[PDB]
Engineer: 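Just dropping this structure here.
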Amino acid sequence: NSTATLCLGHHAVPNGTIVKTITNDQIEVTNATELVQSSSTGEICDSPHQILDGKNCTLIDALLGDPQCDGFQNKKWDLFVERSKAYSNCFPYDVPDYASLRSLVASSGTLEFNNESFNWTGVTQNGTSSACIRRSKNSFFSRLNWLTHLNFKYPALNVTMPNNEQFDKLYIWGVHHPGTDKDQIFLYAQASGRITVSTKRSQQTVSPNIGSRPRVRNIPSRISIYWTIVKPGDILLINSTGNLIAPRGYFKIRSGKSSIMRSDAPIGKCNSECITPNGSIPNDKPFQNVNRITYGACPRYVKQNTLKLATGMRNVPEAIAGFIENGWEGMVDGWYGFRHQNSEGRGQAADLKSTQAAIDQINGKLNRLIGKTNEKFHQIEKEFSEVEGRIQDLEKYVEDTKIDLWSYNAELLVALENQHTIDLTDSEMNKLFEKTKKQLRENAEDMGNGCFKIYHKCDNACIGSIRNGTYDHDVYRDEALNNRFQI
Amino acid sequence: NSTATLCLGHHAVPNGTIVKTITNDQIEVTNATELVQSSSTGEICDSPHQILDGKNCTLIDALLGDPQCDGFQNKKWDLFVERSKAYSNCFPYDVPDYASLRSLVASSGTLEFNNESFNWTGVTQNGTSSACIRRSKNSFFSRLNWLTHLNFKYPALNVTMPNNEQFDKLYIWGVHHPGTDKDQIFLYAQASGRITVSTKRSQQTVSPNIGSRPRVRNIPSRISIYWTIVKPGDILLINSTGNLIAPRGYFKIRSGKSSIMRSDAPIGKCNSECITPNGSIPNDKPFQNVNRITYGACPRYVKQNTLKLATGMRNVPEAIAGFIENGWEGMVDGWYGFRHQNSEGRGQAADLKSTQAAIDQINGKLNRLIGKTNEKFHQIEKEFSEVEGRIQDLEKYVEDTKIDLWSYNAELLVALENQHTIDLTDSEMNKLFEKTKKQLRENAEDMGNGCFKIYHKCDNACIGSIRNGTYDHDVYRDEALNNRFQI
Amino acid sequence: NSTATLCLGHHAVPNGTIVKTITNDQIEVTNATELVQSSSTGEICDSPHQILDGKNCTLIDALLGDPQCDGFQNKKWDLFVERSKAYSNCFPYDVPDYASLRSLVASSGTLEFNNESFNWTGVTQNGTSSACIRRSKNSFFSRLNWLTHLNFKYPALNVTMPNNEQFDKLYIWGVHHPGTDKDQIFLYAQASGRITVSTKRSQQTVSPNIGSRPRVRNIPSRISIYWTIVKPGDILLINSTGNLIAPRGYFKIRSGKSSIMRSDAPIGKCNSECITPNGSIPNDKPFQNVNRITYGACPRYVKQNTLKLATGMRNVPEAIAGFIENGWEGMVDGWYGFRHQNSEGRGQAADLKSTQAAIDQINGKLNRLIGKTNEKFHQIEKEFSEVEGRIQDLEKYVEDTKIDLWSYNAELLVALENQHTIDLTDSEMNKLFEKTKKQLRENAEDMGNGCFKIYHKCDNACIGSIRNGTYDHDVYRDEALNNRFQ
Ligand SMILES: *[C@@H]1O[C@H](CO)[C@@H](O[C@@H]2O[C@H](CO)[C@@H](O)[C@H](O)[C@H]2NC(C)=O)[C@H](O)[C@H]1NC(C)=O
Ligand SMILES: *[C@@H]1O[C@H](CO)[C@@H](O[C@@H]2O[C@H](CO)[C@@H](O)[C@H](O)[C@H]2NC(C)=O)[C@H](O)[C@H]1NC(C)=O
Ligand SMILES: *[C@@H]1O[C@H](CO)[C@@H](O[C@@H]2O[C@H](CO)[C@@H](O)[C@H](O)[C@H]2NC(C)=O)[C@H](O)[C@H]1NC(C)=O
Ligand SMILES: *[C@@H]1O[C@H](CO)[C@@H](O)[C@H](O)[C@H]1NC(C)=O
Ligand SMILES: *[C@@H]1O[C@H](CO)[C@@H](O)[C@H](O)[C@H]1NC(C)=O
Ligand SMILES: *[C@@H]1O[C@H](CO)[C@@H](O)[C@H](O)[C@H]1NC(C)=O
Ligand SMILES: *[C@@H]1O[C@H](CO)[C@@H](O)[C@H](O)[C@H]1NC(C)=O
Ligand SMILES: *[C@@H]1O[C@H](CO)[C@@H](O)[C@H](O)[C@H]1NC(C)=O
Ligand SMILES: *[C@@H]1O[C@H](CO)[C@@H](O)[C@H](O)[C@H]1NC(C)=O
Ligand SMILES: *[C@@H]1O[C@H](CO)[C@@H](O)[C@H](O)[C@H]1NC(C)=O
Ligand SMILES: *[C@@H]1O[C@H](CO)[C@@H](O)[C@H](O)[C@H]1NC(C)=O
Ligand SMILES: *[C@@H]1O[C@H](CO)[C@@H](O)[C@H](O)[C@H]1NC(C)=O
Ligand SMILES: *[C@@H]1O[C@H](CO)[C@@H](O)[C@H](O)[C@H]1NC(C)=O
Ligand SMILES: *[C@@H]1O[C@H](CO)[C@@H](O)[C@H](O)[C@H]1NC(C)=O
Ligand SMILES: *[C@@H]1O[C@H](CO)[C@@H](O)[C@H](O)[C@H]1NC(C)=O
Ligand SMILES: *[C@@H]1O[C@H](CO)[C@@H](O)[C@H](O)[C@H]1NC(C)=O
Ligand SMILES: *[C@@H]1O[C@H](CO)[C@@H](O)[C@H](O)[C@H]1NC(C)=O
Ligand SMILES: *[C@@H]1O[C@H](CO)[C@@H](O)[C@H](O)[C@H]1NC(C)=O
Ligand SMILES: *[C@@H]1O[C@H](CO)[C@@H](O)[C@H](O)[C@H]1NC(C)=O
Ligand SMILES: *[C@@H]1O[C@H](CO)[C@@H](O)[C@H](O)[C@H]1NC(C)=O
Ligand SMILES: *[C@@H]1O[C@H](CO)[C@@H](O)[C@H](O)[C@H]1NC(C)=O
């Protein structure tokens, strides 16, 4: 006729996604991305990190060098994987402050061991046990030297070794606690006092405790594992009258990106930075709900099973009408656009610049959230198999506090960002609407349903000029004014 | 007259509330709710949590079986409330890691004790002390067995108890430290000794220390309390030559929701999810400022004394003027509405759909904040009476860090939620204004004071349609245009 | 011309600052302020906190009374500064929980020492060492009494010291660990033994461990340092057969604002609340990147080297365009303003009320961020010279968690405040535009670039009336309608 209808609107999808916001908990959007990694590959990836498979060994067993760990001598790792099927198959032993030695070795990142010419004069070296079978013969820990009497004599040892290198030396040693007095006399030829291992900086004094223990692998005795770190310029001094499980040398202490993880997952052929006890995970998402123990460039752990970030706007599912009444399910070329009813027929076109502006802002948001990872290697233990008390309670409290704070941050971030995304895309729809209103000047009226009523004959070329920003309102001003106001 | 005025606006109150926002610290709102629970009932509510009243007992005193704790034997609790007037009136004891045992048992949640038939031979059982009286006779702890010599001999005990059940067993035992050597010879007929309690996984060795102590209840001697946890399939082996305060059995270890709290509040008939040492508190508010220690489904502790969440718009108290100039004290039916001037007279009506939309958004926000609590059962100690050093400093650092972070989160959350509340209620007022503008089309002009001047004769029927919606601008369009655009 | 052009706009600068927002991490603004203190003065200000310069003394050496530390006796501090050049010149010693004793003394805030009439009968007092030279004489720690023996006898000392005052008493004592049995007999006349120090509530029992150790200052023996806290109403019993490095009295324990810091910076004659190991820092900014170790009213430590807070608007660089197309680089009188073209000529003026409203809201934000810092005195150790185990790992984990969470909060806060500031100044431009539209009513049209076309004669008096809100649309309505329509 003499008028045309130009409706502005946006696309819609048949099946949207439900996201959370500040105003609402369940708002439907056209599209959303998962920000919580809730699955793993089931396998640990061996690249870029050097992964040392513990097999039947724990890290401490590999440190001491019991027979099943012979293949772990002088090895390095980025992450040591300890299996729950791992077991000791050697002399029974314990480590006072086990967790500290395990953390120290895990953070050292190597079992590189240099033998030293210790002056073990007057004692018999290389003691053996039936509990440690190396190659069908009795043996002992490969990195320890079980000293016993020589010719029924064990003289008081005072053996020193300067640290003349530029690095710290880690010495692993222990105390043998025999089952009975007959074993103390049989092995050391005398009752024992104390063993003192010292440096200039510090000293450790320990005592044997002769007495029966419940048998593990048919041995009623125990070895207690102790360690010392010797700084450059410092001197190790071992003062012992018996019951000394001597070092054969030193381990290297290194600073680095190494740690230890407990996992039953197989190790595959891969390239994945983030390792969890359930296997490696992608680190594209900013958060994860796989596990709380992590290694490498990992997402933050949260308790939410899902957090969906709106990478799109509110769906608003289902004459012509604009964005105020409904979204358009028939629009697939873009996010925002125009639909019109003209004397030449009905039609539709996408507005690609507003679509790209909204997409660019969403891409900015994703670039701020996606791809930014938390690269962490050595942390505290987060699952415990024994109840010790105050220290474990504090470690659990710290981890629970961290998880509650990061879960709060993730929930607030997702709700604020989703509210921002809806306000952003409604804002972009409004910028296109005000731009069209300003371009049309007095030649059209807002009908209140997201559409403009154009009061002049506006053909397809006219509509196209409006869509791409080249509409000249002066050409049609008299016709539209004469039609709006009955001159 | 030939024209009418329709002013849009919002309600106001004589006395508002001062809240914080992003750009304004002292912004007045019509209504706000307190988000910090800063008061308590002064009593601990005994439901739904099972609460065991310590009376004159500590949890440890109840654990060993102090004469004042006969009412605690084999009992369960969800929260043990330890009293500051509690004291021991039995043999004085020293638990070398008191906090760990107190926490371990508090989280275990029961004093269930099975009297296992320990094979004590060659010794005298059921030793008593004059400092621990039951029914006017000398007694001892009911869960400990003080072993002494029999016929002036104390043979070396070697007593084995395998763990043949499916749960862990907690054995509590100790070492007697007499005040002098005469006491040790009188009780044990041994100059000294060593006590070793072993499992397959770990061992504890303790030595008695003969010497004087300050007399507590006239006793110059001490009992050192130790505990062993025996896993299923593990074995308890006790080896002693003297000074053994023997176990009478085991306590059960359970994973659960139990804990210990220090408080002096009375216990009475009530119902409250969250327990605080100042008495139980309502858990409706998201935050609290009562005490650092909590139990159950509680709000999170912050340093803020008050944080008020706006549950209404900005209060701007003060011809007809609208939301641009002031708020309306005479609007009592709703939050948003209309006032009009026509030839019939002046009037006012509330717009209930905009009011309900704003209320629904606020109620959604309240559902996000109010009623959502965090269940916290066993945590670290958060108040200390003794100066311990590094571990206490770390616990204080962790708790103050948590509180500082949650106080920041509370301040940012309240400022963001109040800024959003103001923006949302101003947005709803602006949406009603734009909606009215759209219905009026060319039949009205914005007066710049929140009011529309309607340029057709408009008397109580057109105003009704405008308030309802679906106002027909076409019928009045020629009259309004003749009044607006004629010279 | 029968019309006039009235354009609205905002100022711009030739060179702006790059800030981060929620949806744009490289957005240029007219002005910004640094919220991360990234540099120190290099000196530790001696005011308002009382600071003791350790020089060659550690806190433990000051506690025990090392001969070089005589100047620290009975002194008080709000912050003790331990130097990396510090070393001992007395008997070698080992504190089995060094960090805990150092924390107790640092938090007590004083070395006020009170001598007590201990009954050290039957033994010789005031033992000396060649490693502790005080006045060119052999000496010992001034707060410890090295008891050896009297006439080749060491009767078992059973010494009681009641606490009859209202404060906790800190007693520092030790155990000598000689390098050989001959030294044990020479000093104490009898071998082995043990030392028990106890109160009503607690007890500590230790044993000497005779044996050679690596020589420090040509001495192969060690003194172990132990301590006990005696509450009011309690009694301290020291029971020793030998090897006792006895107390001479007690140290007072106070609750307060004292702590210890490791630093090599000199002490300056200045005033600053926040002290870091690199020296004092200003405490105006909400965050810092100088050090993790803090004392006083400090900002929070973050991982960011810089965080810039927009204190301005978008710097949109460039007949009259308006705010939608670009900013106005020629504006010096304000942030928001007007430009016009009329029958007399072109001109420009600032709108000071919109400018002040935007500035007042920005100052509100600055008042919430700047000047609000957090006073902390005694915290965990955050740097370590040796690796100890799970406790050090936990302390590092806790501090790193705090830093990551505050760094997250700092980035979220800066991005939200900068996005709000941009929305704020865009909103103020929009309220000024809408306000102008409302005064003009139907006498002007929005031409789409931030300008209004006014369809009536509007001289400089008219433009001024529009600027200050006195414009009356009724008097110009017939001319503007005749020119605007037909
Ligand atoms: C203390 O008791 C334990 C167990 O009751 C004894 O250990 C047992 O020794 C026998 C010796 O033939 C072994 O067959 C068992 O397997 C051992 N069991 C356990 C649990 O260790 C131990 O020998 C006893 N000690 C003394 C000195 O009599
Ligand atoms: C070591 O000295 C203490 C002094 O405290 C003696 O303990 C006091 O003994 C008397 C009499 O037995 C009591 O009246 C006091 O109450 C005790 N003191 C305290 C603080 O309780 C202790 O007897 C002495 N030891 C020896 C072996 O003589
Ligand atoms: C234990 O061995 C150490 C190491 O040789 C002895 O200490 C040395 O003693 C000589 C004696 O003049 C000194 O010159 C050295 O400087 C000492 N070296 C160190 C590292 O301390 C120590 O004397 C020996 N102890 C016994 C009892 O034989
Ligand atoms: C959602 O976005 C992703 C990534 O851009 C795209 O692959 C997917 O097809 C989108 N889905 C819908 C329904 O728009
Ligand atoms: C680990 O031990 C099991 C038996 O427990 C054995 O079958 C397996 O071969 C061992 N694996 C390696 C790598 O030695
Ligand atoms: C002990 O065994 C080690 C194995 O490396 C060997 O080098 C050393 O010579 C042996 N010493 C004695 C005394 O058998
Ligand atoms: C362990 O029991 C045996 C039994 O003969 C005894 O000789 C030994 O001294 C005991 N050890 C301890 C530490 O009690
Ligand atoms: C240390 O070695 C010396 C060497 O003479 C000896 O006399 C002393 O008994 C030893 N001490 C210990 C605890 O081994
Ligand atoms: C990962 O393993 C832990 C082991 O306790 C389990 O609780 C968790 O559900 C697992 N997660 C996934 C995604 O497999
Ligand atoms: C805009 O569209 C019209 C009609 O389709 C066309 O004539 C004109 O060249 C277009 N201009 C631009 C800049 O794309
Ligand atoms: C504030 O809201 C509460 C309901 O939560 C209502 O009871 C109270 O009357 C309101 N007060 C004002 C001043 O609006
Ligand atoms: C606790 O002590 C008070 C002291 O007055 C006494 O009345 C009460 O009976 C005691 N209760 C128990 C359980 O010992
Ligand atoms: C020791 O006392 C307990 C009390 O329960 C009793 O059952 C046990 O038979 C007594 N044993 C002896 C040897 O008196
Ligand atoms: C609750 O009790 C604690 C006890 O330390 C006290 O510090 C706090 O002020 C009390 N709070 C209230 C609200 O009574
Ligand atoms: C419109 O509002 C008026 C208010 O006076 C009311 O009387 C009338 O029933 C309403 N009509 C409809 C259709 O809502
Ligand atoms: C930025 O603001 C500061 C005051 O905070 C002022 O001194 C400085 O001149 C301003 N710079 C610019 C370019 O506006
Ligand atoms: C610190 O020690 C050095 C090296 O012995 C000495 O030169 C200096 O004078 C000492 N300073 C003080 C204050 O004791
Ligand atoms: C020991 O030295 C102190 C000075 O610190 C002195 O007061 C005391 O009288 C001396 N005692 C003896 C027994 O010489
Ligand atoms: C405790 O004091 C008495 C008092 O003579 C003494 O006999 C005993 O040996 C002392 N014990 C210790 C460990 O000092
Ligand atoms: C402060 O000192 C620490 C430790 O020496 C150093 O890592 C840091 O870079 C220093 N910072 C500044 C701003 O000097
Ligand atoms: C506004 O500006 C005009 C400029 O002509 C002046 O005459 C008038 O007095 C001013 N009014 C106010 C309130 O500043």
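Residue numbering restarts at 1 for every chain, and letters A, B, ... go by the order of the sequence lines.
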Engineer: Only counting residues at least two apart or in another chain, list the ones meeting side-chain contact (heavy atoms from CB on, under 4.5 Å) with B:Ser84.
Structural biologist: B:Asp264
Engineer: Of all residues at least two apart in sequence or in a different chain, which pass the side-chain contact (heavy atoms from CB on, under 4.5 Å) check with B:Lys85?
Structural biologist: B:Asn56, B:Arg83
Engineer: Sort and list the pairs that fulfil salt bridge (charged side-chain N to carboxylate O under 4.0 Å, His left out) and have at least one residue in residues 141-161 of chain B, not counting sequence neighbours.
Structural biologist: none
Engineer: Tell me every residue that passes salt bridge (charged side-chain N to carboxylate O under 4.0 Å, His left out) with B:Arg390, counting only those two or more places apart in sequence or in another chain.
Structural biologist: C:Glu388, C:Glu395
Engineer: If the condition is side chain to side chain donor-acceptor pair (under 3.5 Å), which residues does B:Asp97 pass it with, not counting sequence neighbours?
Structural biologist: B:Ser100
Engineer: Measure centre to centre between the rings of B:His176 and B:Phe91, then say whether the value is under 6.0 Å.
Structural biologist: yes
Engineer: By salt bridge (charged side-chain N to carboxylate O under 4.0 Å, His left out), which residues pair with A:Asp393, not counting sequence neighbours?
Structural biologist: none
Engineer: Salt bridge (charged side-chain N to carboxylate O under 4.0 Å, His left out): which pairs involve residues 110-119 of chain B, sequence neighbours left out?
Structural biologist: B:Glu116-B:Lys169
Engineer: Please, which pairs that meet disulfide (SG to SG under 2.5 Å) have at least one residue in residues 90-160 of chain B, sequence neighbours excluded?
Structural biologist: B:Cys90-B:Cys132
Engineer: Are the aromatic rings of B:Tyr295 and B:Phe377 close, with centres under 6.0 Å apart?
Structural biologist: yes
Engineer: Just jot down the salt bridge (charged side-chain N to carboxylate O under 4.0 Å, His left out) partners of B:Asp94, sequence neighbours excluded, or say none.
Structural biologist: none
Engineer: So, using side-chain contact (heavy atoms from CB on, under 4.5 Å) as the criterion, who are the partners of A:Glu386 when residues are at least two apart?
Structural biologist: B:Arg201
Engineer: B:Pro155: which residues meet the side-chain contact (heavy atoms from CB on, under 4.5 Å) condition with it, sequence neighbours left out?
Structural biologist: B:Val123
Engineer: Any pair with a residue in residues 227-252 of chain B that passes salt bridge (charged side-chain N to carboxylate O under 4.0 Å, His left out), sequence neighbours left out, goes on the list, sorted by first then second residue, please.
Structural biologist: B:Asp168-B:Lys231
Engineer: Evaluate the side-chain proximity of A:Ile391 to B:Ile391: yes if any heavy-atom separation is below 4.5 Å, no if none is.
Structural biologist: yes
